[PDB]
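**Q** Mind looking over this structure? Questions follow.
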């Protein structure tokens, strides 16, 4: 019976952690895109100066 | 005293049987009550988990 209750709570926890880490990955990718845009535009205006 | 010991042997056999019955009944009753409480708690824990 302890095995069955562990199976239920494990399945719920793993679905939660999967959804959380998926959206965290998407938002970290968007932060990466904004960061590299910042770096290349400041580098370009430095080179032109 | 020899005749008294001849009958006292059978008295001690019957007392051995009675002590066996009493001891195994007490232990069986307590253990089965604990197992029943544990089974109800386990099924309740399954439902709580869901």
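Chains as they are written, first to last, in the deposited numbering: chain A, 746 to 794; chain A', 696 to 745. A prime marks a further copy of an entry chain.
The beta carbon of each residue, even a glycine, is placed where N, CA and C say it ideally should be.
Give me the subset of the stretch 749-764 of chain A whose CB atoms are less than 9 Å from a CB atom of chain A', sorted by chain position.
**A** Per Cβ criterion, the list reads 749, 750, 751, 752, 753, 754 and 757.
**Q** Quick one: list the residues of chain A neighbouring residue 740(A'), beta-carbon separation under 8 Å, in chain order.
**A** Under the 8 Å cutoff, chain A gives 746, 747 and 750.
**Q** By DSSP, does residue 793(A) sit in helix, in strand, or in coil?
**A** Of the three classes helix, strand and coil, the one that applies to residue 793(A) here is helix, per DSSP.
**Q** How about residue 733(A') and residue 754(A): are their beta carbons less than 8 Å apart?
**A** Not closer than 8 Å, so no.
**Q** List, in order along the chain, the chain A residues whose C-beta lies closer than 8 Å to that of residue 720(A')?
**A** Within chain A, no residue comes near residue 720(A'); the closest Cβ sits about 28 Å away, beyond 8 Å.
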